[PDB]
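**Student:** Below is one structure. I have some questions about it.
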Amino acid sequence: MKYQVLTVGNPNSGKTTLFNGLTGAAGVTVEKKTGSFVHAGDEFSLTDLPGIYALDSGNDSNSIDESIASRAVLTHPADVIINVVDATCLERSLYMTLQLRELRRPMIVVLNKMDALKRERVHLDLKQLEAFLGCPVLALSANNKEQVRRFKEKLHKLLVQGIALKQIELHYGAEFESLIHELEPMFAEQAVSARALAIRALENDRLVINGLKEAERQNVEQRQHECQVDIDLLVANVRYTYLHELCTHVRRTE
Ligand SMILES: [Mg+2]
Ligand SMILES: [Mg+2]
């Protein structure tokens with residue numbers, strides 16, 4: 001059975017290096033490479049998504065690479081999404097990981113360059129990271145082809161066994177959570193989390209909004225204005241707080 005795998009991550013996070021090591025052999029050719037490798041009589045079509053720092057659609061140009069990647073994660077179905085994070089800049093790369101896990105999609109966090117972090121006298125509790133994120137957090141180094149081969153086996157087992165996904169608990173605020181629950185039913189029948197789609201709708205992500213009827217569009221529009229706090233400010237603040245406490249727990253100074 002053929003399995004669709006999406007490799008997404010920050011630019012220069014090792015996301016590209018993993019894809020080339022695994023698969024061997026468009027209009028966004030910056031970071032749109034499709035590859036294939038076979039393991040245990042099953043095929044693995046991989047799509048290297050452009051390196052991005054956050055999720056955002058475009059049509060405004062200068063953001064085509066980002067728009068392509070954001071669109072794929074939100075529409076293009078995939079059996080698992082390999083999110084590569086560079087341990088050296090841990091906090092920076094986790095912003096997309098938070099948005100990714102919010103989608104409630106099969107996810108595998110692959111921590112890269114863990115060896116370099118040891119040299120900086122920084123140690124990481126990968127196990128504690130797995131508990132907070134609720135998704136498989138695997139650690140390797142994409143440079144090591146030996147470790148890359150070991151990763152193929154872990155992925156195949158994980159894909160067949162099923163990816164256990166413990167929903168991330170965020171609680172932006174009852175003020176925001178009330179609005180989210182009111183828009184959740186519109187996105188029930190999707191491929192991504194209905195909750196996440198409403199949050200993106202409340203952030204005025206036109207990509208999600210354009211799939212809405214004009215009437216439902218006006219209903220969503222009104223919710224943005226009938227707020228005592230700016231949606232963008234509130235969402236960003238909650239996301240930052242979670243990231244900071246997460247990093248301070250799993251990290252260790254010497
Ligand atoms: Mg109200
Ligand atoms: Mg209109």
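The chains in the structure tokens are called A, B, ... from first to last as shown; in each chain the residues are counted from 1, and the ligands are counted from 1 in the order shown.
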Leaving out residue 75 in chain A and any residue of its chain fewer than 5 positions from it, which residues lie within 9 Å of it when counting only C-alpha atoms, given as a list in words?
**Tutor:**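 Selected residues are residues 70, 190, 191 and 192 of chain A.
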**Student:** Please identify which residues in range 15-127 of chain A DSSP calls alpha helix (DSSP H) from the backbone, and express them as a ChimeraX atom specification.
**Tutor:** /A:15-23,64-74,90-102,114-119,126-127
**Student:** With C-alpha atoms retained, could you export that selection as a CSV table (one decimal), in the first residue's frame?
**Tutor:**
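Below is the file part_3.csv, written as the result:
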chain,number,residue,atom,x,y,z
A,15,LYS,CA,14.0,19.3,6.4
A,16,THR,CA,15.5,19.2,2.9
A,17,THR,CA,18.5,17.1,4.0
A,18,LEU,CA,16.2,14.3,5.3
A,19,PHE,CA,14.2,14.2,2.1
A,20,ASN,CA,17.3,13.8,-0.1
A,21,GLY,CA,18.8,11.1,2.1
A,22,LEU,CA,15.5,9.1,2.2
A,23,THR,CA,14.4,9.3,-1.5
A,64,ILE,CA,4.3,32.0,-3.1
A,65,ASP,CA,6.6,29.4,-1.5
A,66,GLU,CA,4.9,29.9,1.9
A,67,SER,CA,1.4,29.9,0.3
A,68,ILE,CA,2.1,26.6,-1.5
A,69,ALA,CA,3.2,24.9,1.7
A,70,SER,CA,0.4,26.3,3.8
A,71,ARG,CA,-2.2,25.3,1.2
A,72,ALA,CA,-0.8,21.7,1.0
A,73,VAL,CA,-0.9,21.1,4.8
A,74,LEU,CA,-4.5,22.4,4.9
A,90,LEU,CA,14.5,25.0,19.3
A,91,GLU,CA,12.0,27.7,20.3
A,92,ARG,CA,12.0,29.3,16.9
A,93,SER,CA,11.1,26.1,15.0
A,94,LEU,CA,8.4,25.0,17.4
A,95,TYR,CA,6.1,27.9,16.3
A,96,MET,CA,5.1,26.0,13.1
A,97,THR,CA,5.0,22.7,15.1
A,98,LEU,CA,2.4,24.2,17.4
A,99,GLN,CA,0.3,25.2,14.4
A,100,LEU,CA,0.9,21.8,12.8
A,101,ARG,CA,-0.2,19.9,15.9
A,102,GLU,CA,-3.2,22.1,16.2
A,114,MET,CA,20.8,16.8,18.4
A,115,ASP,CA,24.6,16.1,18.3
A,116,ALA,CA,25.4,19.7,17.9
A,117,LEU,CA,23.3,20.7,20.9
A,118,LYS,CA,25.4,18.4,23.1
A,119,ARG,CA,28.5,20.4,22.2
A,126,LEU,CA,13.0,14.4,24.4
A,127,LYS,CA,10.6,12.2,26.4
**Student:** Could you tell me, counting only C-alpha atoms and all ligand atoms, which protein and nucleic acid residues lie no more than 12 Å from ligand 2, written as a PDB file with C-alpha atoms, in the first residue's frame?
**Tutor:**
ATOM      1  CA  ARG A 206      -8.739  34.303   3.542  1.00  0.00           C
ATOM      2  CA  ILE A 209     -12.749  32.075   4.393  1.00  0.00           C
ATOM      3  CA  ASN A 210     -12.993  31.728   0.601  1.00  0.00           C
ATOM      4  CA  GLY A 211     -14.506  28.258   1.116  1.00  0.00           C
ATOM      5  CA  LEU A 212     -17.364  29.862   3.067  1.00  0.00           C
ATOM      6  CA  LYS A 213     -20.680  31.102   1.727  1.00  0.00           C
ATOM      7  CA  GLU A 214     -21.094  34.877   1.596  1.00  0.00           C
ATOM      8  CA  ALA A 215     -23.591  34.756   4.470  1.00  0.00           C
ATOM      9  CA  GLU A 216     -21.352  32.553   6.615  1.00  0.00           C
ATOM     10  CA  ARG A 217     -18.495  34.859   5.608  1.00  0.00           C
ATOM     11  CA  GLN A 218     -20.352  37.848   7.060  1.00  0.00           C
ATOM     12  CA  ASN A 219     -21.115  35.887  10.232  1.00  0.00           C
ATOM     13  CA  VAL A 220     -17.388  35.177  10.661  1.00  0.00           C
ATOM     14  CA  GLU A 221     -16.520  38.809   9.853  1.00  0.00           C
TER      15      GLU A 221
END
**Student:** List the neighbours of residue 32 in chain A out to 8 Å using only C-alpha atoms; skip same-chain residues closer than 3 positions along the sequence, and give me the result as a PyMOL selection string.
**Tutor:** chain A and resi 26+28-29+47-50
**Student:** Would you output that residue set with N, CA, C and O atoms, as a PDB file, in the first residue's frame?
**Tutor:**
ATOM      1  N   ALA A  26       8.264  21.995 -10.629  1.00  0.00           N
ATOM      2  CA  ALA A  26       6.996  22.704 -10.514  1.00  0.00           C
ATOM      3  C   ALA A  26       7.172  24.193 -10.827  1.00  0.00           C
ATOM      4  O   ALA A  26       8.004  24.567 -11.658  1.00  0.00           O
ATOM      5  N   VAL A  28       7.260  26.365  -8.065  1.00  0.00           N
ATOM      6  CA  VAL A  28       7.852  26.811  -6.808  1.00  0.00           C
ATOM      7  C   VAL A  28       9.105  25.993  -6.520  1.00  0.00           C
ATOM      8  O   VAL A  28       9.385  25.652  -5.366  1.00  0.00           O
ATOM      9  N   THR A  29       9.876  25.689  -7.567  1.00  0.00           N
ATOM     10  CA  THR A  29      10.992  24.749  -7.498  1.00  0.00           C
ATOM     11  C   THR A  29      12.023  25.133  -6.443  1.00  0.00           C
ATOM     12  O   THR A  29      13.024  24.430  -6.266  1.00  0.00           O
ATOM     13  N   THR A  47       6.815  14.428  -0.286  1.00  0.00           N
ATOM     14  CA  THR A  47       6.718  15.757  -0.879  1.00  0.00           C
ATOM     15  C   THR A  47       7.392  16.723   0.082  1.00  0.00           C
ATOM     16  O   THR A  47       6.902  16.936   1.195  1.00  0.00           O
ATOM     17  N   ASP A  48       8.511  17.304  -0.342  1.00  0.00           N
ATOM     18  CA  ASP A  48       9.231  18.253   0.498  1.00  0.00           C
ATOM     19  C   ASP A  48       8.544  19.602   0.342  1.00  0.00           C
ATOM     20  O   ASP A  48       8.583  20.207  -0.733  1.00  0.00           O
ATOM     21  N   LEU A  49       7.885  20.053   1.396  1.00  0.00           N
ATOM     22  CA  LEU A  49       7.192  21.328   1.368  1.00  0.00           C
ATOM     23  C   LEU A  49       8.164  22.473   1.632  1.00  0.00           C
ATOM     24  O   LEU A  49       9.168  22.297   2.328  1.00  0.00           O
ATOM     25  N   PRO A  50       7.901  23.644   1.054  1.00  0.00           N
ATOM     26  CA  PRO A  50       8.821  24.770   1.228  1.00  0.00           C
ATOM     27  C   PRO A  50       9.022  25.113   2.693  1.00  0.00           C
ATOM     28  O   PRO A  50       8.100  25.026   3.504  1.00  0.00           O
TER      29      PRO A  50
END
**Student:** Please return as a list in words the residues found within 12 Å of ligand 1, counting only C-alpha atoms and all ligand atoms.
**Tutor:**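 Taking only C-alpha atoms and all ligand atoms into account, the residues around ligand 1 at most 12 Å away are residues 174, 175, 176, 177, 178, 179, 180, 181, 182, 183, 219, 220, 222, 223, 224, 225, 226, 227 and 228 of chain A.
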**Student:** Per residue of range 93-138 of chain A within 6 Å of range 76-86 of chain A, which atom pair is closest and at what distance in Å (one decimal), using only C-alpha atoms, listed by chain and increasing number, as CSV?
**Tutor:**
residue,atom,partner,partner_atom,distance
A:93,CA,A:85,CA,5.7
A:106,CA,A:80,CA,4.7
A:107,CA,A:81,CA,4.8
A:108,CA,A:82,CA,4.9
A:109,CA,A:83,CA,4.8
A:110,CA,A:84,CA,4.7
A:111,CA,A:85,CA,5.0
A:112,CA,A:86,CA,5.1
A:113,CA,A:86,CA,5.9
**Student:** Could you write those residues out with N, CA, C and O atoms, as a tab-separated table (two decimals), in the first residue's frame?
**Tutor:**
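Saved to again_37.tsv:
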chain	number	residue	atom	x	y	z
A	93	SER	N	11.75	27.05	15.85
A	93	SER	CA	11.14	26.06	14.96
A	93	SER	C	9.82	25.51	15.51
A	93	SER	O	9.01	24.99	14.72
A	106	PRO	N	-1.99	13.38	11.58
A	106	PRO	CA	-0.87	12.49	11.89
A	106	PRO	C	0.47	13.18	11.74
A	106	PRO	O	0.82	13.66	10.66
A	107	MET	N	1.25	13.22	12.83
A	107	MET	CA	2.44	14.04	12.89
A	107	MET	C	3.58	13.27	13.52
A	107	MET	O	3.38	12.46	14.43
A	108	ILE	N	4.79	13.53	13.03
A	108	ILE	CA	6.01	12.98	13.61
A	108	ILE	C	7.05	14.09	13.67
A	108	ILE	O	7.52	14.56	12.63
A	109	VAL	N	7.38	14.52	14.88
A	109	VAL	CA	8.44	15.51	15.09
A	109	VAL	C	9.78	14.80	15.05
A	109	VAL	O	10.05	13.91	15.86
A	110	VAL	N	10.63	15.18	14.10
A	110	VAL	CA	11.97	14.62	13.95
A	110	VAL	C	12.95	15.68	14.41
A	110	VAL	O	13.18	16.68	13.71
A	111	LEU	N	13.54	15.48	15.58
A	111	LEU	CA	14.55	16.39	16.10
A	111	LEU	C	15.87	16.12	15.38
A	111	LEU	O	16.40	15.00	15.45
A	112	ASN	N	16.40	17.14	14.72
A	112	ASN	CA	17.65	17.05	13.98
A	112	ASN	C	18.74	17.84	14.69
A	112	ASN	O	18.47	18.70	15.53
A	113	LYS	N	19.99	17.53	14.32
A	113	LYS	CA	21.17	18.19	14.87
A	113	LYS	C	21.22	18.10	16.40
A	113	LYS	O	21.68	19.03	17.07
**Student:** Please measure the separation of CA of residue 171 in chain A and CA of residue 238 in chain A, giving the value in Å to one decimal.
**Tutor:** 8.0 Å
**Student:** Which residue gives the smallest distance to residue 37 in chain A among A:164, A:55, A:5, A:139, with only C-alpha atoms counted?
**Tutor:**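 With only C-alpha atoms as the atom set, the closest residue is A:5.
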**Student:** Expressed in Å to a single decimal, how great is the separation between CA of residue 247 in chain A and CA of residue 124 in chain A?
**Tutor:**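 Rounded to one decimal, the two atoms are 9.2 Å apart.
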**Student:** In range 71-196 of chain A, what's strand (DSSP E) per DSSP? Answer as a PDB file with C-alpha atoms, in the first residue's frame?
**Tutor:**
ATOM      1  CA  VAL A  80       1.819  11.415   8.170  1.00  0.00           C
ATOM      2  CA  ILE A  81       3.575  14.820   8.330  1.00  0.00           C
ATOM      3  CA  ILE A  82       7.293  14.658   9.190  1.00  0.00           C
ATOM      4  CA  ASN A  83       8.089  17.938  10.997  1.00  0.00           C
ATOM      5  CA  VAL A  84      11.857  18.450  11.305  1.00  0.00           C
ATOM      6  CA  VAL A  85      13.074  20.770  14.078  1.00  0.00           C
ATOM      7  CA  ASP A  86      16.664  21.970  14.534  1.00  0.00           C
ATOM      8  CA  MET A 107       2.440  14.045  12.888  1.00  0.00           C
ATOM      9  CA  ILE A 108       6.013  12.975  13.605  1.00  0.00           C
ATOM     10  CA  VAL A 109       8.438  15.510  15.086  1.00  0.00           C
ATOM     11  CA  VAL A 110      11.966  14.619  13.953  1.00  0.00           C
ATOM     12  CA  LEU A 111      14.554  16.385  16.097  1.00  0.00           C
ATOM     13  CA  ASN A 112      17.647  17.047  13.978  1.00  0.00           C
ATOM     14  CA  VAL A 122      22.585  21.850  26.378  1.00  0.00           C
ATOM     15  CA  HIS A 123      20.619  18.684  27.130  1.00  0.00           C
ATOM     16  CA  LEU A 124      17.063  17.935  26.055  1.00  0.00           C
ATOM     17  CA  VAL A 137       9.166  12.928  18.812  1.00  0.00           C
ATOM     18  CA  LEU A 138      11.983  11.010  17.127  1.00  0.00           C
ATOM     19  CA  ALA A 139      15.608  12.134  17.303  1.00  0.00           C
TER      20      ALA A 139
END
**Student:** Name the residues in contact with residue 160 in chain A at a cut-off of 12 Å, using only C-alpha atoms, excluding same-chain residues fewer than 2 positions from it; report them as an NGL selection string.
**Tutor:** :A and (1-3 or 40 or 42 or 79-80 or 106 or 153-158 or 162-164)
**Student:** Expressed in Å to a single decimal, how great is the separation between CA of residue 130 in chain A and CA of residue 205 in chain A?
**Tutor:** 29.1 Å
**Student:** Smallest atom-to-atom distance to residue 88 in chain A: which of A:146, A:125, A:189, A:120, using only C-alpha atoms?
**Tutor:**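 Using only C-alpha atoms, residue 88 in chain A sits closest to A:120.
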